[PDB]
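Only one chain is shown below, in structure tokens, and it's the form deposited in one PDB entry.
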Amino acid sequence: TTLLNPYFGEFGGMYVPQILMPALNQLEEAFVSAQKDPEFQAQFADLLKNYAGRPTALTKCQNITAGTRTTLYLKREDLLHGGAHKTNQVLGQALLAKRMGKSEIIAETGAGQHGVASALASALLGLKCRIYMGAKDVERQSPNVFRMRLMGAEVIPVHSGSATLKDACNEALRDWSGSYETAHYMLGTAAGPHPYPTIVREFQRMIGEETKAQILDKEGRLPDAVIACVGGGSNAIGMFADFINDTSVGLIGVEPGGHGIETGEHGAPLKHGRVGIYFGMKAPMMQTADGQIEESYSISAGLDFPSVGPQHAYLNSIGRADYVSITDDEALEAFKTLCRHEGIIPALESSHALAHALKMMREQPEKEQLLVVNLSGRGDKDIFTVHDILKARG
């Protein structure tokens, strides 16, 4: 059947139309052999080092923790080429596509960051790239659409359904069912049918590997907790993976709380959704009582995925990792604080992680604790959104 386990406990699987199963089996086999292939590993490491900018810095915050016993470090995936952690895994997947003899790339995108990342990896490696985007998201992210077009990607708007990310996830699958002979489906997060939750984790796991070596170098000990926001789960599982067996290290994922869990307008499926089956996996998701799939809501477009990676649902169930939520307002405050005190503009996505670290520090200011936040991207893309909200308030 498969070479690797498609399930994490009870979550995961390969819930796709029969016609896509050979494509997933081909992909899993190519991934397993790429992972045992020193030549592939060296090409991948070469691209990450000399093209994307790895290793990224681990910055000790100077000012933000003043008057507490917290020491806060930031893993600076905002300094990665493209400005977000997504770049790591699209380079790996593009090298995989070439290894399989594929020449075309399919990708879905909502906020546009995965579409930009897939377009730049495709231009670098000589792959023709077509990108599906919900027409609601096309209208609202015309900067990112221009970027993709500058990089030679074909952008295709989706009006099906609610014309957002989830409906882009569907039309990419339809395309790939016909075109997988020559096309690779470059999924954007650590979710979907096996083997994608495993692949995206392994192509993001250097975040945690570097963090561990960097924190041991600087502080001589492992952190008390590493904290990362969770839209689909790729940046969080990439930070977590190398600490999973270090059972003294807290693992904290932060889901978007939106206007508040109690309002119903949030994007926290792991803690406040319900297990269902969609997008090729059994996982917690945003759904109605009838079993229809809703959208997440968050101020940060990048946490818009209405489900969550199945390895996260597994880690939660066994108690290895804890998951919390942070509202729009808490994230906005963290955005402003990092700007004013450290001179770093964080992505509104990453600001949810930082906001929870600030909560831990402020609620117990005499607790000694060593925290690492995964700063998954930079916030230049969010300054217009933040500006308008702050004008509308005063």
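Numbering starts at 1 and runs along the sequence shown. Just so we're on the same page, rigid core means the largest C-alpha set that superposes within 1.5 Å between forms.
Asker: Look up the CA B-factors in the entry and say which stretch, 327-335 or 29-37, has the higher mean.
Answerer: Stretch with the greater average CA B-factor: 29-37.
Asker: Read off the CA B-factors in the entry, average them over 256-264 and over 223-231, and name the higher stretch.
Answerer: According to the PDB entry, the answer is 256-264.
Asker: Hey, out of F146, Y314, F203, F243, whose CA B-factor is highest in the deposited coordinates?
Answerer: Of the candidates given, the C-alpha B-factor peaks at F146.
Asker: Which is it among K282, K86, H159, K212: the one with the largest CA B-factor in the entry?
Answerer: Highest CA B-factor of the listed options: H159.
Asker: Looking at the entry's B-factor column for C-alpha atoms only, identify whether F11 ranks in the lowest, middle or highest third of its chain.
Answerer: Middle third of the chain for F11's C-alpha B-factor.
Asker: Hey, what third does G53 fall into on Cα B-factor, ranked over its chain?
Answerer: For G53, the deposited C-alpha B-factor lands in the lowest third.
Asker: Give the position of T65 by CA B-factor within its chain, expressed as the lowest, middle or highest third.
Answerer: Middle third.
Asker: By its CA B factor, does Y73 count among the lowest, middle or highest third of the modelled residues in the chain?
Answerer: It falls in the middle third of the chain.
Asker: Going by the entry, which third of its chain does the Cα temperature factor of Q18 land in?
Answerer: According to the entry, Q18 has a C-alpha B-factor in the chain's middle third.
There is another form of the same protein, the form deposited in another entry; it is not shown, and what comes next is about it.
Asker: Upon rigid core superposition, which of the listed residues (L125, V249, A241, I156) is displaced by 2 angstroms or more at its Cα between the shown form and the other one?
Answerer: It is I156.
Asker: For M186, decide whether the Cα shift between the shown form and the other one is 2 Å or greater, given a superposition on the rigid core.
Answerer: Not so; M186 is displaced by less than 2 Å.
Asker: Quick one: once the rigid core is lined up, does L95 have its C-alpha move by 2 Å or more between the shown form and the other one?
Answerer: The answer is no; the displacement is under 2 Å.
Asker: Against the rigid core, is the Cα displacement of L165 between the shown form and the other one at least 2 Å?
Answerer: Yes, because once the rigid core is superposed, the C-alpha of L165 moves 2 Å or more between the shown form and the other one.
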